[PDB]
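Step one of this worksheet: look at the structure below.
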Amino acid sequence: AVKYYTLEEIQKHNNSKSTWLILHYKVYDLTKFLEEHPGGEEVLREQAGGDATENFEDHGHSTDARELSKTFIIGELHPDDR
Ligand code: HEM
Numbered sequence: 008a009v010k011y012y013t014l015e016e017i018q019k020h021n022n023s024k025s026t027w028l029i030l031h032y033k034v035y036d037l038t039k040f041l042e043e044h045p046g047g048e049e050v051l052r053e054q055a056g057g058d059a060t061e062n063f064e065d066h067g068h069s070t071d072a073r074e075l076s077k078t079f080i081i082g083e084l085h086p087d088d089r
């Protein structure tokens, strides 16, 4: 089964309590990863609540980084918002 979230729901997760973002139509909860992120937390907080695909790809992440990201996926962007 797959859980779908709308852009409306996602934008609400951009506070000290929760940090969600979208990458290639998948929704990632990075709340607990902010402080472990090699690239820093500021770069992640600035994209919170929205689609950060271009920025993610812009910094060209390694295979290990991409494999690790999967553990934070909690769902996908609703087809109607794509
Ligand atoms: C949720 C997925 C993410 C994971 C697991 C992750 C993981 C990592 C890891 C492991 C590195 C070290 C280098 C590498 O392996 O590529 C890295 C570096 C970096 N990440 Fe992420 N990252 C994530 C999302 C993002 C996003 C959303 C942005 C920006 C919008 C970002 C910006 C950067 C930057 C600036 C660096 C340093 C690049 C450099 O120094 O040249 N990351 N990330």
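So the sequence shown is numbered by UniProt numbering: it starts at 8 and just counts up by one. Heads up, the beta-carbon is just placed ideally off N, CA and C, and yes, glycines get one too.
query                                                                                                                                   : result
Assigned exposure category for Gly56 - 16 Cβ within 10 Å defines buried                                                                 : buried
Continuous alpha helix (DSSP H) stretch holding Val50: start and end                                                                    : 49-52
Segments of 4+ residues assigned as alpha helix (DSSP H) that fall wholly inside the UniProt domain "Cytochrome b5 heme-binding" (9-85) : 14-18, 49-52, 60-65, 70-76
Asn62 versus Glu16 - alpha carbon distance                                                                                              : 21 Å
Contact set for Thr26: own chain, Cβ-Cβ below 7 Å, skip 5 residues either direction                                                     : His20, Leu37, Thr38, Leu41, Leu51, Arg52, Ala55
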